[PDB]
Amino acid sequence: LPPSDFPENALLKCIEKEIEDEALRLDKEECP
Amino acid sequence: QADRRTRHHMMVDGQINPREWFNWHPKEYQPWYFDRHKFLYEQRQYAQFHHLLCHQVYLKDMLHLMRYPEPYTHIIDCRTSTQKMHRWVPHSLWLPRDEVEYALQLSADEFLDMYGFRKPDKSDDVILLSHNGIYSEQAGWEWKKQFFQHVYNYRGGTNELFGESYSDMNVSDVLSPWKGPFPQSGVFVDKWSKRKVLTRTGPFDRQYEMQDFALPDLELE
Amino acid sequence: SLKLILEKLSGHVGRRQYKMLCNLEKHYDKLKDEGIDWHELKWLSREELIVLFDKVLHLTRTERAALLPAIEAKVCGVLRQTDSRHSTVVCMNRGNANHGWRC
Amino acid sequence: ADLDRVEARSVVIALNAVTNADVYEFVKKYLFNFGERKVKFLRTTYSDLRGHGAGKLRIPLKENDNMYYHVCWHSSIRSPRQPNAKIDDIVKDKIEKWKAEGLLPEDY
Amino acid sequence: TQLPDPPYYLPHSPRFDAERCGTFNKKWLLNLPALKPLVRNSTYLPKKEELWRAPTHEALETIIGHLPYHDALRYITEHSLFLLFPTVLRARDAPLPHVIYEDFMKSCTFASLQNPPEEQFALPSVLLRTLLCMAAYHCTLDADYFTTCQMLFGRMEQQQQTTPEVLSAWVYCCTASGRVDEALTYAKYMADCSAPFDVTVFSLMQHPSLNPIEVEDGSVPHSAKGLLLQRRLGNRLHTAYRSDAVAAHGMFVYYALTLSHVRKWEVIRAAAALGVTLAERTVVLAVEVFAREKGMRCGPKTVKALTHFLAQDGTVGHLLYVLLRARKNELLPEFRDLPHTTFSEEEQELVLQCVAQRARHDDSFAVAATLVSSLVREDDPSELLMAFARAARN
Amino acid sequence: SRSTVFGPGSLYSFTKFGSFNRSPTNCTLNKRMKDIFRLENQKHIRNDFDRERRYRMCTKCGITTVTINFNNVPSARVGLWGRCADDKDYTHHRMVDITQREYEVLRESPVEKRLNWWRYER
Amino acid sequence: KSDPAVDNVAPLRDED
Amino acid sequence: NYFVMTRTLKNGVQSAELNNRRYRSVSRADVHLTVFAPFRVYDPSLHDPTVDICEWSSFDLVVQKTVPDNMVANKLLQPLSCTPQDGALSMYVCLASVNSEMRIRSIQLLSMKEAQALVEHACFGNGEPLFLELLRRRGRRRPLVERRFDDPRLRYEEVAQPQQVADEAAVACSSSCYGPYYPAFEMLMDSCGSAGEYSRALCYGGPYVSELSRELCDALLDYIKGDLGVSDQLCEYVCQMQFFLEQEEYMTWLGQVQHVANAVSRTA
Amino acid sequence: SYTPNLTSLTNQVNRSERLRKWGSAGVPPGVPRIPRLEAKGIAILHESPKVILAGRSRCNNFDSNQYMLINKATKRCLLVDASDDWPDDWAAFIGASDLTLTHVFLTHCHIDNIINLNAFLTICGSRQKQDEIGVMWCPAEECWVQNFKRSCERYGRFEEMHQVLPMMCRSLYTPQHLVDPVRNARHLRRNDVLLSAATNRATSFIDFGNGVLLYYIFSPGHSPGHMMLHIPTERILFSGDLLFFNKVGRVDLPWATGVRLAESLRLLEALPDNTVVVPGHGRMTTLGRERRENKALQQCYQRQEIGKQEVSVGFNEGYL
Amino acid sequence: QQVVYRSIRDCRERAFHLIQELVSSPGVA
Amino acid sequence: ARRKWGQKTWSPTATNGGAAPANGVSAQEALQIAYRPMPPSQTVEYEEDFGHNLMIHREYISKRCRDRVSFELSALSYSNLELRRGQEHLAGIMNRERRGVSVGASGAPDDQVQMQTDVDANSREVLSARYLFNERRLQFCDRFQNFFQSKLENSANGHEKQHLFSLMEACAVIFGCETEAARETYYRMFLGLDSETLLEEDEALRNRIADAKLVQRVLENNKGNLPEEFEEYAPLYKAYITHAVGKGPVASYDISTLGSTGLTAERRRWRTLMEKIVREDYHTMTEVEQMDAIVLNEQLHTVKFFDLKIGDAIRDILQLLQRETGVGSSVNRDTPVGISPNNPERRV
Amino acid sequence: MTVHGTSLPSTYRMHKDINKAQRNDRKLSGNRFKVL
């Protein structure tokens, strides 16, 4: 994500953070 | 019409939270005397200009100067709107109000070229008129800004001389009820002080006083 | 009790202090000259209110609309006690016909 | 003349007989010439000569309510607290706009 | 004592002498040593007994004016004296006018006397016009201020009242920054809203000196005749035209007096492209500046704009001179690298139809409609000019 | 209170708390302590190349400044704690631009050597 | 174009 | 009861207002904005005095993206999901103004997929029984003449530009990969009425924003205010324009009381 | 009260309030000094193998209390909230106990806490003359230091008006005076510590000696900087103005927020019930009795349970 | 705008009018 | 992650002084607090090297604020005019802070002087507008007066008068000081005679002289008749020359530079006289110094009554609004109401 | 009446009239449930 081409680096890096810690948490169940 | 609610965010405090943050405090403001009946520049907000108020010439003085004029008592009309003037005050010269702050900056020759009459001397008597005496009062303040020793104002000039019912149409700029004012939209102050300035005690048509400090009355109880 | 209810229905309302446009305080003198009370106003039937509003009171259609929530709920005109000696608190509870519309 | 030291029953009788509209506007501007002690005494004298003390006069006063309310208004004031052509031009083009837009329809 | 003259390329004529006001004069530089004892005397404070016996308004204005800016704002906010706001505009350390507007609104916020908020937080339009005219003088000095001025306007229209005074001051702000198109478009929006252009902003726009704080103070006593002339010219132009033509005339005179001739011709370009009907005084002034400059600083679309405005309202000789100078500058060896002015078919038909409409009533247009049609269609035989000279001599 | 509304001493007056030391009277440190606290030697701007860098030099007190991303955030508060030649403000600098290469050879020199290099060399 | 109820200039003009 | 404003950012976000201001004297897909603003303004401090809110005004923001033919750098490295040919992904940001402070109500991501899901297989084998019935009663509104309170700089440049970009997407979505589900998507993206509010409530509705992380709450506000351009200046303008156009509609209401009362008196 | 500007002088409601509150006088009677009559002696409240707490109740007409902690080993004493109308009994007590006064702890800088502070420091330093006494305080109370004179204006404390407060003098945290080369009683006070608002259970303590640690807790709401003392080995919580017997502190004074007071009451729930809470005013209680029988904490936790995001609690009539 | 019709012939004639309207508005490259 | 209301996830301690160590923080720990992870698209970083030490400066201004934040809170300068003025606006705010603490609180006890004031509520007369001096300053005051009473009682405004009182009172405040940083703030309160402003006037004077030599170089080289002190006219002459040749759109009309050569020479003569009395060297005075002593004594007498005349003006408004309403009363008039007193047809 | 300009019954009436909104507005009905 180059800042010259992508001005939304505060959101795209924050949402890439929020993908991982919603999957890396162990409190969630995979099965319904 | 039809009692438009206004888009200001003033509000009275509730019945649940305590009264806090007393480095700003609104209270109701009631002065001693009514000033709404008075002349516009004799009211409360123009008291500091009280020594700047021109001396009043009256109706009988104006009729005496109509009958028996003096060579250096200059009667000067300060009305601006040409569509609202229908008669001529005798011995009067037209110097409209909105040009006065430029007109007194000229020399005598430039005054004669730009107005067609000679510039009055600073010791000559100058007498100003308007519809209500409002444009003539501002023009008298502009004439007293320059060093003119004798400046007089006929309050209610044309409306008492010719018996007309006109006005100078002063706006007295009041915000439209869609215009949201400054302290609602802004981070100029902290949130406690912003919440405590925007509060008021009672309806928002009257006047209020803002206290910058308060101490608790420990001697009551 | 009739005076304070008509005073509150004409004053400012709410946290934003919305002024009530219709002044119901002008009809207070003609209501007490007839000898009718706020508790006696709740005892009047529907047909006795149309006679009272049109003939005696001359209540307009917007002044009738600002007074009718006070008559629809049958507010009990009882002065509540307060921290001061002069009380301006009327009980705003809805009255019942078994207890004389006193709630 | 000493306007403050005129007899107060004399002023309120002469002011009671003002009914014409042009002289009523004269009394409004003239009543500022009295003092504040005088104009609060004219209200108490006018209210008494039309009220309980109406027997002090030889001939009773006539009911002038527009001068009674204005003297009572003026005494409270002196005491401390305790472009039609261009506007009508704008209205006509708006009704012209609503007929063209269809907000004011014709006969159905 | 021989100083050079700045090249305004303004016409020397008694008609446009009001346009010659705003020109700096070396006569004032010669008059300058006479004023030196006066300004040397004015630097001293009055005595204590005179200042203690002074009236209230005079003492307030002479103490708050000498005081620091934030201390004067504190005194105003403490004693709720809002009428001393034009004094603290003139302070010795006052910031740029957007900061002063924020300080004015802050002083109205924390004031000791709180009116109802529809009248408490409303500044007078004279104050807002003075603030925006200071901003426009700074944009004349430095154009990159304009962005903040836009932000300033983005608050003022949301907080104060949008009057024609502040809108004309914002048009002057956009003009002084070099922004030609949006200034004329704001002027056209005022003209469609039937708002009159302010005459003091129209006079200050054609005076690109004289920051208005010392104009309302009056430290420059001369050139008030020029200010009155420009105000009366603005009133005369508004009697028969809309606000956009008056604003475009002010833009033209401002860009002529600031030696920015490219924006001066961009004014005419944008006024023809937008649809603003220019006043006849502005068209005659543009033709005489074109004559002074010999068509050097000009483009093809500016030539098309001038010919459209001359066919709409203009004499035959002005249009013929503009077309002949354009055709001669096309043939000059200097401008051979630059492209030639070519009329597309629709605008050519429009110009020729307006010329034929003028020529049905005018004989001076009917005698030269064929020469105009030959000059626009780019085929110009010299026999037409020879017959024109023969008819002029005979 | 109303006395603390307009600065000095206001709410958002960020210079009312105190001043910096700006003196060699304490913490005599070496060249490695300057190298570890360089802006240019940090990780987050070593791989940053699209923001613009400006290298300037004062000719009065002889300091070397580098500013990055000033075109996007042009804060006028930047450098307010500069304290030029003899307890003067940072309005007294009169900075002149220098290149990247001659910033590195002048960063290690003391202020008198920088002023002598400016006056008698280049 | 005005019709005033009272006037102070006109009775002084009419005698002259 | 409403007014719609549009804004088209060419070459993506980087041509917005905040990203272009700099200090002087020293590609991507285009974004189409749409702010629907009804006249729904109320104060909740009347019904509940414990709430310190002076004004609550709701207005919806629809942001769509459109790929042009001029971008060469990142054309076919991934399928673009914002394209109307591929999903027609669009973000529906329900916004609000709480005492001239813009607060987000919901952030919904709607495509033609969940419009196809609601019409065909929202139940076990069928669609929603209320969403299918609401599409069975869809009558057009009579054509109202619109008034153009544009930005002054773009007032005289182009007039039919919000109409052209509305028909650019409507052609591209109706002839897209999802063809017969576009009337279900028109009622889904219809911001005026109760049928569109129930249709968007059948979708997810986004996470409840106060439960999100503080880093995501500030980055979403930095995107909408700073990057997307939907600012507090725009938010405060909508509260002003809801007040001004209510005043304009009161005068036409006064013109229609007079027009009705004059037509009766000349008839009786 | 506040500064009499033009708007306050032309207001009739101001004269109406000054007639309603104070009758025909119109001027508020101040808070005077307690005379030598009706004054009690210093009581020894607590005796322990580690420390000794000696206090005096109702030492002001603000009805504040004065406490001193004595280390039994090091013979060092510590005054907390130094406000006594007679700091001559305390200096005689320190001199007859062979104690050394090294620091004075200040919870907050209201006038009911720092009224006789210069008198304490002067008399105890004069007895030490036959190292000076330091002051421990939070810098947010700087905003209440500058209004010490104004508070001395309204409460009639005229003899304490023209006194430079020792917290205003140059400490080691401040720049030094550049005196002429040709004094240190007032120019520099090296014994001065500024407490930080980041208070933790690890390192936010004062080493009183003999292994006794005094943890200061940052708890605003009655003041911008308000520091409680907590001694966990002795189960003693000098609360100051945060918590009293059946009541809490005022919020109707400037720089006082109700939600800060609610957070300050919420940061107190991890202490045991047998912790004797020692307030700045009135009688002392325990934290368990305040968890059971105090209505302000009941309202705070009830508003927290029913879902108030900004719980605001606080008194409007009580102790300053 | 949307207009509702009663037959098939008027729809065809309106569609041909729309064809003539779209071809008289500018002819493609 | 996403948080829930009322449910918090507990996290272990680092066991290093808590979150903020009260004992101290080393250089490598504070290096990470220095280069804290701000978003770099909206962050400006700046460092300056000043010989031995260097100072780091990092500012981040968010994206959700720049439409509503104040121009003073977020001091963004999008032009070089805003850079030079925004720094100079923040110059005086910081300079008054670091100077004002030397004489108020946190000042030396010899550098703190107070004024006593008392104004009568009825007569509006200032009673006892004195200074509060110590015993050292009062010995300087009577050393001043006993010398000047011995010189001015034989010849020549009464017996009980204080000769050059507002000059020695302004010099007694400076005499009793012990810090030079608190001395220069009193020189700024007394007409701005501090060395900060006098070196500012000396810098603008030498800049005008250097510009006077440039206009003299241009007018001699162009032609190859002038006013006397051309350095006052040279900012006005050079502003026209750049406007004339084409580089600049504005010529200047500001005449504030005129008379500044004689003005700044008087200010440094005022300052040299103020230092001459503090060192008690008033036993001989040149005639040029005696004319400056009379002028500066009246100039210093009116600057100490700026605040007292402000409160005097508010006390005018207080007695104004208590006046009797109306046009007046017939008891308290010398003139009939409807005419001027100077009317020839006065008595009907 | 001389010094303060009013009398104590009028003072009590003015004090009761200046703060009429924040004395009593509603009776605050309803029930608050535990949310945790």
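Per-chain numbering from 1; labels A, B, C, D, E, F, G, H, I, J, K and L assigned in written order.
Here is the rule we use: contacts are C-beta pairs under 8 Å (C-beta built on N, C-alpha and C of every residue); 3 or more make two chains touch, one makes a residue touch a chain.
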{"item": "Chain of greatest Cα-centre distance to chain L", "value": "J"}
{"item": "Taking each chain's C-alpha mean as its centre, the one farthest from chain G", "value": "A"}
{"item": "Contact-richer chain pair (by C-beta pairs counted) among B-K and F-H", "value": "B-K"}
{"item": "For chain B paired with chain C, centre-to-centre distance based on mean C-alpha positions, whole Å", "value": "44"}
{"item": "Inter-centroid spacing, chain K versus chain G (mean Cα positions, whole Å)", "value": "61"}
{"item": "Between chain F and chain A, distance of the C-alpha-averaged centres to the nearest whole Å", "value": "37"}
{"item": "Chain I-chain J separation of Cα centroids, rounded to whole Å", "value": "88"}
{"item": "Sequence positions of chain H contacting 2 or more other chains", "value": "21-26, 45, 49, 54, 213, 222, 227, 232-233, 236, 240"}
{"item": "Two or more partner chains touched - positions in chain G", "value": "5-6"}
{"item": "Residue list for chain E, restricted to those that touch at least two other chains", "value": "56, 60, 70, 78-79, 81, 102, 106, 110, 112-113, 142, 144, 147, 154, 158"}
{"item": "Residue numbers on chain H that touch chain E, as the complex places them", "value": "21, 23-25, 152-153, 155-156, 233, 236-237, 240"}
{"item": "Chain D-facing residues of chain B, complex", "value": "30-34, 37, 169"}
{"item": "Interface residues, chain K side, partner chain A - complex", "value": "1-2, 39-42, 63"}
{"item": "Complex contact set, residues of chain L against chain D", "value": "5-6, 10"}
{"item": "Footprint of chain H on chain K - complex, ascending", "value": "1-5, 62-64, 66-68, 77-80"}
